[PDB]
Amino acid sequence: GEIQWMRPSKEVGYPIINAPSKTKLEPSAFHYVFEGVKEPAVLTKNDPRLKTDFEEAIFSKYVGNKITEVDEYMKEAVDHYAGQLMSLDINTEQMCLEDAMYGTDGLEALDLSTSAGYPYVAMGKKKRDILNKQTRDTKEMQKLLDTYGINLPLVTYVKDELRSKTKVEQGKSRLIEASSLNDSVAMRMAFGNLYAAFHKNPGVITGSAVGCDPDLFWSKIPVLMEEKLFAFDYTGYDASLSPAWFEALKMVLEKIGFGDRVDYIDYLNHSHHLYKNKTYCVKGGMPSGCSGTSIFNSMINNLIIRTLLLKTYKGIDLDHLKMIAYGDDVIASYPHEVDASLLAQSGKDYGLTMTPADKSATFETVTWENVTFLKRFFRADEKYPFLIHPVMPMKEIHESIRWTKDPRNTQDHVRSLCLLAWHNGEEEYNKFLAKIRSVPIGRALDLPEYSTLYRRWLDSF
């Protein structure tokens, strides 16, 4: 992905949009009980903890477009992936405006608690004004659709979230793209039946984990993988995609029956954004925040991964590839062992910076011991070895609990962390409860017992 032009948004007829400049993250009652290296991310240029120019750091991720032409291997990839999705029998119809708006089986309703983007954002108009869940009223949305049309610009925002130290000092904050309510509606009418199919089918046919529940899906994953594993994350995924990959995606869509609306994908591939005063244009790069972000990322991953095998391993049989993606996050297997360092080296030709799934510095051999998917480890149960724990490191849970966006959420927050931490086992779970209860507010919370969570887990099978 690459920035085409930044100019005062005054010159282009666009309003100045000014986001909040303050973190909503105050430190938690458990701030000193537990340790951690994470602070809220840099939101503005005037941040003391910055050791670099902010605005140059945030947009740093637009590294350019390596390729623009779907090569022969991308084409065999496209062929094989799209052949996979055929079996799903994915309904290819437009989805009616009422469902695009208020949800249907496999597709949730639009989030009435997040903004309506451009232009509503600068009119002081919100989704609640336009949408009505009780009534499922599509009338005022249609009127807005007629009036403002689609292909509206996205409003860039810095994500208010916890960041490492180097990420605060290097102003490496994450930026989302606030899709307009019009395009979310437009995109979901076009693609809603595809999003639903994906949601309903996490696994190796779709190559996607969107729609999974790790408590239950971890027990499935090993039975779905072939004998030898490899795995990756990527560096700056969305913005490291060059136009070639969008044409490859357009190509998958056409082959599965979405030919007519493949144009929308061009509006993703060439997008306009509003950022504070500026107005800028991007070519390549996934507009994270647009409808389908997750699904298109994971789909492009499946292509990227087939492509790189075909190039690196002559005669590789993609029919014995098994892979699951959640955006750039991927776990994959093949009947014979493949080399992630090599695969990652070809990936650079296509503009991809690839890594170990833990953002570790160097690729190891990947075993059912070191492999991680979505930050979690895999550990067989000791009584029931076919049932597998999603084991997230206590380090992570520690980092979270030390902060709050609002003190009145402590019960839910900590309670939620308990449902992650007990997979580390009774001995580690009870130490957790001890530390939590080491403070007076801790002794106020209703926390679940190891044994209760264990029987819940087993019962849920």
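The first residue of the shown sequence is 1; numbering continues from there. Basically, rigid core = biggest C-alpha set you can superpose within 1.5 Å across the two forms.
Here the rigid core sets the fit, and in 5 other deposited structures of this protein the C-alphas of 231 to 239 stray farther than those of the other stretch, out of 180 to 188 and 231 to 239. Of the two stretches examined, 351 to 359 and 328 to 336, the one with higher mean CA deviation in 5 other deposited structures of this protein after a rigid core fit is 351 to 359. According to the PDB record, 307 to 315 carries the higher mean C-alpha B-factor of the two stretches 307 to 315 and 284 to 292. Comparing 339 to 347 with 172 to 180, the higher mean C-alpha B-factor in the PDB entry belongs to 339 to 347. Within the group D329, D160, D111, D71, the record's highest C-alpha temperature factor is found at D160. Between the residues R376, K250, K322, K276, the entry's highest C-alpha temperature factor is the one at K276. Residue-level temperature factors show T52 in the highest third of its chain, judged at the C-alpha atom.
Per the deposited record, the Cα B-factor of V223 falls in the middle third when ranked against the other modelled residues of its chain. The deposited CA B-factor of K127 belongs to the middle third of values across its chain. Ranked by Cα temperature factor within the chain, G103 sits in the middle third according to the deposited record. Annotation for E449: C-alpha temperature factor in the middle third relative to the rest of the modelled chain, per the entry.
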